[PDB]
Amino acid sequence: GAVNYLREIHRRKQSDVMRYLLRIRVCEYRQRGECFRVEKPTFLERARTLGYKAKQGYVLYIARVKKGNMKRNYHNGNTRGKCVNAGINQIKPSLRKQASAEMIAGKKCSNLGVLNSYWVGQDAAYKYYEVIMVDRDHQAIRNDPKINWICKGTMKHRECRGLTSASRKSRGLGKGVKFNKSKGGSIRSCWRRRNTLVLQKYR
Amino acid sequence: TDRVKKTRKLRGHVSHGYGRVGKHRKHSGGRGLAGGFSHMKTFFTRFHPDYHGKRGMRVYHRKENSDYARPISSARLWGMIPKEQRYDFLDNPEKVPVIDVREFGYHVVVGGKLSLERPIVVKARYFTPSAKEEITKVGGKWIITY
Amino acid sequence: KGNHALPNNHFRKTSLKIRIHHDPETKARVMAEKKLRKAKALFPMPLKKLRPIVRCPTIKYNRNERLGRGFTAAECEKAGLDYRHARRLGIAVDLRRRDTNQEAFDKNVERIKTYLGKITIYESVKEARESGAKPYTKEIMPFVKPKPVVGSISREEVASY
Amino acid sequence: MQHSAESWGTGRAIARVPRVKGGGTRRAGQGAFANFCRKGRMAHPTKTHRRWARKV
Amino acid sequence: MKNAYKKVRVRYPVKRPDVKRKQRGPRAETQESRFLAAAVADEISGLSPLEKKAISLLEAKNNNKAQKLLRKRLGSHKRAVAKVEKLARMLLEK
RNA sequence: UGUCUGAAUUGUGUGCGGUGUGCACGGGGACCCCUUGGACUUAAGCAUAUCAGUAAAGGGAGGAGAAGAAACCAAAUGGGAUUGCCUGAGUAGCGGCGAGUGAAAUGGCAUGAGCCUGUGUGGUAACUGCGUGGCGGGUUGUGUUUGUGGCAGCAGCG
RNA sequence: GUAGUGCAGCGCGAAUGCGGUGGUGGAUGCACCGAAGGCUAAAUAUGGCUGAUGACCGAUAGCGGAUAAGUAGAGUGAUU
RNA sequence: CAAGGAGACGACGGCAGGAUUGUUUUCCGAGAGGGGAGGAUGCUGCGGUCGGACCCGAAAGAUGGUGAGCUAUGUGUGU
């Protein structure tokens, strides 16, 4: 099929053709700003496997993120406590950088809803991601039952609450005994149930 | 009845039973089991001498359902027959019971004398050597089952 | 002080919480009214589904049977049926389970045929009302296990009964 | 227990119980929190998880 | 289970039935369209720099030096052997 | 019906159109999801440890939320999505092997339910947002009929 | 979670009769499963509001507050 | 002088006295190996541990906020 050929090409990043197209388009992104709109998909077939359609009410934005360890701001490294808590410089963030990019694009368009995202390039200082967003107020979206689920009320700002695929990845969910610390639905609700003592009336 | 409560007889007596010279203070001695190698060392020596230290191999995740091997003695094996069928066997002394301990929750057979001088058949996993002697001594026989 | 077992009572966390329902008699009967109200909103159909007989896993529970989750597609086919059509007749289907025993496969085929002979088909809720069909909140054909009985032979105890 | 009371310490010729902060009202400077103070709390407050029933 | 119990052990006779199981993997009636797409991709695209430097080690004869350079840069040992098997057959065809 | 104010906006950001017309912002936050993150205290001192990933702070939701249909558990003649309770068990284990800390499977109950998609015609896009037999989108791929009818229930008023 | 139980930064970066897992690092048999796209009732939690109850308190008690009470009054202010 | 004012409550274990019933028991050993020997479920009291823990009391530590109308220094504009 037509989609088989495009998949085999896009998998070979860094082979003599993708190394030409990556350098040419990442030079475009460096001249735009922090978050901007694009009209067609970069990797057409990776975007359709993540849920994109050619229809009114679908939108694409590109956002960059700044690439390194997280910051801690104490004046000259004074942290006002014990020495096991006094590290400043090699602390790693809890979320992924693909999820940080969704939070940038989701505040810029507060009337839309985020669906998924994917990698499109890289710099020495930045990485670039491609965010797919949907219009919850258009009637083209509210009328068809393949995307209709996103127009109700529990679906607002999915990427702030950890409900997209990139931000889901860091919650610690799964199957079997290697995922005992999330039984009940998350880490915090495993903690609460195990820190509760239940008693019967007749005891 | 049944000794109402000490506090009811202590009203009026200063210090409520805890002494005047030595008093009732907070945690004089440390909390819980502190001092176990220094000032409470006489406590562990007199009452719990095997409590500290390591001793042994450490298996992560012992598997208990697969190691269940509950034993029963040959000395009973006859009071195990249910109450209804028991009088049927004691009245006709020419029939042989066929009892399978596995259907009552037991796995291994050990133990002593058979409580009667008639033959029987007994199925299980793993009879020990002494159980084999006392089942054969009455004319019965033993079998290994699943 | 004294000779006692060493205590291990865990109350060192201020974040701990206690939980008690102080009236479980009114809570049980409020849930039995919910259960009888679903039953006559599904009226003709009995609110519980037919489930198979299965076998407990390890060597400790080897000799015990039990009600399981659902029937397989081969057990439904040999009872004269398609698993898409067994689900419209109140039968639970489980496509994860695998078929590896021929005796157990046969008990479950006869459990389906027995159930298929105790149901009646109609065309409307009006007919079932007029024929005496009532609502059902219990479970369909519960499994009970039998008592242990002792076999008996007579002085032929060398052919190894 | 609905105050920000604090004891005044010794050196002022009054007893050591904690006392209300402020001014301009007769509540200012009076005792608080203790089981022997007017408007205090009970030494051992009554709780809901005591045993009410028994088993026969 | 105890070792004395495993010797006299006796299992239950089961009478296994006959019914087909699942498929589990890439299907056998689509190799033609999978083999065709991979033969178009290698003509279009070139070679990665890592595959260039590894056919030059196989070029001389150094099947060992090429074996450790691929095991260091692909974080596996089962994978580094499956790759020097493809890059050897592309020389015979070539 | 509701003076003058207050997000307080004749604004800022953004979708669809092509100059028309939408949407977001604040309030509250007991319970829920995500981020960040203490010290008092216990170890009869104290630095790893403990208190505790808890309090405080910030962002985002609802009548609940989150989770969920095996790249599972196991080692039998095998079970079979998620969530809650009892047993397992203060146990296996972690730990200046100190003080301390700490699961799960099986078994028994409650409740039970499974589906949609990225490769759909070629004898003709079979599709739909706006409008009354047309415009906009779409081949870099759209594919969305129907309830003043029936059945069961819940609250209120006189 | 004991020699990753899970998560993240930086760097390297896969496969197509193929891939993943089996409480000690690695090898090899046998067993069991298909990740990296999407949705999903019920049984569970809980300030406040409204109904119904109680071996609860009876004006220094019970909510701070049985009355024109977060009022009179105090503080530059946050607050009290 | 009046009124108020301090060993009560929860969890887990032991023993004493009392109630109902009684056809009760998975052992040794690090392991490899070896292998028959009257309690259970409630009720009241006392001793033990962790809980604010018989009642009242520090000098301190941390998280989040308010102030240059007193007073200190710089700077614009007047006397």
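Computation of the quantities below employed the complete heavy-atom set of this structure, encompassing side-chain atoms and omitting hydrogens, waters and symmetry-equivalent molecules. So you know, we letter chains A, B, ... as the sequences are listed, proteins then strands, and number each from 1.
- Atom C1' of nucleotide F/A110 and atom NZ of C/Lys48 are separated by 9 Å, given to the nearest angstrom.
- Nucleotide H/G47 is annotated as unpaired relative to H/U75 [Watson-Crick or G-U wobble, both distances under 3.5 Å].
- The residue D/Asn35 sits close only to the backbone: its heavy atoms come under 4.0 Å of sugar-phosphate atoms, none of a base.
- Here F/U121 is in the anti range [glycosidic angle more than 90° from 0].
- Taking atom NE2 on B/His27 and atom P on F/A43, their separation rounds to 9 Å, with Å as the unit.
- Among the atoms of the strands shown, none is found under 4.0 Å from any heavy atom of A/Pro41.
- Residue contacts for B/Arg31: at a heavy-atom cut-off of 4.0 Å it reaches the sugar-phosphate backbone alone, with no base atom in range.
- Nucleic acid contact for B/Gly29: base, since at least one base atom lies under 4.0 Å from a heavy atom of the residue.
- Annotated as syn: G/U16, whose glycosidic dihedral is within 90° of 0.
- In this entry the base of F/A55 is anti relative to its sugar, with a glycosidic angle more than 90° from 0.
- Closest-nucleotide positions on RNA chain H for D/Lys47 and E/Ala4 were compared, and the one nearer the 5' end corresponds to E/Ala4.
- Base contact: B/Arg76 has a heavy atom under 4.0 Å from a base atom.
- Distance B/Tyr106 OH to H/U23 P: 15 Å, rounded to the nearest Å.
- Between D/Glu6 and B/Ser15, the residue whose closest nucleotide on RNA chain H is further toward the 5' end is B/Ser15.
- With the cut-off at 3.5 Å for both distances, F/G134 forms a Watson-Crick or G-U wobble pair with F/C130.
- When heavy atoms are screened at a 4.0 angstrom cut-off, A/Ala54 is found touching the sugar-phosphate backbone but no base atom.
- Nucleic acid contact for E/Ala28: base, since at least one base atom lies under 4.0 Å from a heavy atom of the residue.
- Counting only heavy atoms from C-beta on, A/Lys92 has its side chain closest to G/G9 among G/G9, F/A75, G/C63.
- Rounded to whole Å, the distance from CZ on D/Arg41 to P on H/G52 is 12 Å.
- Contact annotation for D/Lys55: backbone-only contact, meaning every heavy-atom pair under 4.0 Å involves sugar-phosphate atoms and none involves a base.
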